[PDB]
């Protein structure tokens, strides 16, 4: 098995374009366990604290704005190397550099409207999870298919 968690957020462009279910499907079909799921308009404070290590950049202002401009689906997924694998499923930050088959590769175009975020490290993951979710919103259960997903 493995209880490694990651934080995946669907951005407002992802919501606005009706990509929520498709994105969730990709994680389910892969065998990752859904741990947390909420739908929220994320506050400026939250998005600032979240994207904080990128305050120095000339897209940060417009970033926080856009991320506050609509609703986001906040998710926590569990499984073996979710963080790393999840990021591969996502694709490269820039959808022009994301390979076909990937989420960004398949469904979006420009880096500022790249539909989705996912943690870049297990460090980022736990910070992002504590920041977007309350402990009691992370649900624990066992997949019926656990023994067929994991040795």
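Numbering follows the first chain given and starts at 1. Only the largest set of C-alpha atoms that superpose within 1.5 Å between the two forms is called the rigid core.
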- in 4 other deposited structures of this protein, superposed by the rigid core, which stretch departs further from the shown form in CA positions, 91-99 or 48-56? 48-56
- What stretch shows more C-alpha movement in 4 other deposited structures of this protein relative to this form, 79-87 or 58-66, after the core is superposed? 58-66
- Could you settle it for me: does 58-66 or 101-109 have the higher average Cα B factor in the PDB entry? 58-66
- Task: On mean C-alpha B-factor from the PDB entry, just flag whether 7-15 or 128-136 is the higher one.
- Result: 128-136
- Out of 114, 43, 29, 85, which shows the largest CA B-factor listed in the entry? 43
- In terms of the CA temperature factor given in the entry, to which third of its chain does residue 89 belong: lowest, middle or highest? middle
- Task: Report the third (lowest, middle or highest) to which the CA temperature factor of residue 118 belongs, ranking only the modelled residues of the same chain.
- Result: middle
